[PDB]
């Protein structure tokens, strides 16, 4: 989905219920109930690598000197500065 | 003195006691009990201006961008780098 573009660990094979079926070239987002083209997803790709659609997590806690954080809210190709402990 | 080369605010005019009197061209230091020539004082003059004999104070707290600190322990013509807050 636009919210979960990546595949997830899938404990359940399939499930009942209402399922939005529309032709390809369109990915489902729940807020705008219909399916929509992929580009309309608020998807995030900062410094190249593939990941989720801008999860709200502060990556890289481990190393202070390598504290090179890059959040993404919806679309922004931004990177934030780390506050030094010293 | 070598420790207090500058004149100080002097609440008392004069005082009793033992007083080291020796000819001029020699300034008193208390550690080496006698008076000694001025150059032997661990005196400090960093970037030109006249001040004490290297007081152990971190000058210039006010402005971060102008944080241009210059300590002097005894003799060194050194200046230390300020740690940035960002």
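Every residue, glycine as well, gets a Cβ built from its backbone with ideal geometry; the counts of neighbours run over all protein chains shown. Where a number appears in this text, it was derived from the coordinates with a stated rule and is not lab data.
Hey, rough spin-label estimate for residue B:32 and residue B:59, points 7 angstrom out along Cα→Cβ, what's it come to in nanometres?
2.6
Across peptide B:74-86, how many C-beta atoms of other chains are within 10 Å of each residue C-beta, on average?
Numbers: counts 0, 0, 0, 0, 0, 0, 0, 0, 0, 2, 2, 3, 4.
Other-chain Cβ atoms within 10 Å of each residue's Cβ, averaged: 1.
Is chain B rounded, prolate or oblate when judged by the Cα gyration tensor, a ≥ b ≥ c being the square roots of its eigenvalues, rounded requiring a/c under 1.5 and prolate requiring a/b larger than b/c?
Details: a/c = 3.35, a/b = 2.11, b/c = 1.58.
Verdict is prolate for chain B.
Put a dot 7 Å past each Cα toward the Cβ at residue B:68 and residue B:6; how far apart are the dots in nm?
Placing both labels 7 Å beyond Cα along the Cβ direction yields 1.9 nm.
Just check region A:16-61 against the gyration tensor rule for me: Cα atoms, a ≥ b ≥ c as the square roots of the eigenvalues, rounded for a/c under 1.5, and otherwise prolate or oblate depending on whether a/b exceeds b/c. Write out the running numbers ahead of the final one.
Details: a/c = 3.00, a/b = 1.98, b/c = 1.52.
Since a/c reaches 1.5 and a/b is larger than b/c, the shape of region A:16-61 is classed as prolate.
Just how far, in whole angstrom, is region A:12-64 from region B:10-61 if you go by their alpha carbon centroids?
Spelled out, the Cα-based centre of one part sits 73 Å from the other.
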